[PDB]
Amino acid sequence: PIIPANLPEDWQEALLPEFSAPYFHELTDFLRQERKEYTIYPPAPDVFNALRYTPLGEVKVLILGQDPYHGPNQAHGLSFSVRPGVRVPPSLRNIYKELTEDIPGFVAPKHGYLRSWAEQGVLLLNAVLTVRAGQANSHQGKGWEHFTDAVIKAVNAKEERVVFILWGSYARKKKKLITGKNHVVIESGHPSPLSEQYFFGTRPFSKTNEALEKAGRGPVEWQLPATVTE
């Protein structure tokens, strides 16, 4: 069992079958070698940040991304989010625009750092958890999808309502995993400029809060702090 450092216990327990799998041993050897030959994002200590900031027991919302940002300083282990001081990437700018129209009083901050969402139960999961600098999809099919489907399954296995937000054709394929009787799927086009017309006006943030309120699960406070510290 190859267990990463500083993971919540409930994740260690739920994901032990993955951490013990032969394919995961192989993935570990591949990434060791990858980090010698290339710059790999995010840095090793950040790869599991989504699970650390949002323990399994605290999951209320799951927002699935594809893989990490692959430019310098961008990815830090959360879907969609970037480190403080980094330019807000296009998809996140569109997310901010939809937030501004969906959530009364929401003001988009200067930064793209979404840690405060993760700290209130929003699991910001990428399907693939590492990438070579500058090459998108470069770690596709190496085991991360198996691993993150196991995360999705463990979340779906909870009895208390979780809202799964599935943006775009790739994330929407996960809908078949969401069989839990209390869960809710919110689905639309991706916020990327390529498909933003199928994202704008879908109000996924108020809809998620309505579902949470109804279940007595506590609506998310979507407003981000105006300035941040790592």
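Counting begins at 1, following the sequence as shown.
- For the pair 142-150 and 71-79, the mean Cα B-factor is higher in 71-79.
- Checked against the record, the higher mean CA B factor of 117-125 and 81-89 lies with 81-89.
- In this PDB entry, the Cα temperature factor of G168 sits in the bottom third of its chain's modelled residues, the lowest group.
- Annotation for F199: CA B-factor lies in the middle third of the chain's modelled residues.
- Compared with the other modelled residues of the chain, the Cα B-factor recorded for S188 ranks in the middle third.
- Per the PDB record, residue ranking by Cα B-factor puts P45 in the highest third of the chain.
- Sort the chain's modelled residues by C-alpha temperature factor and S20 lands in the middle third, per the entry.
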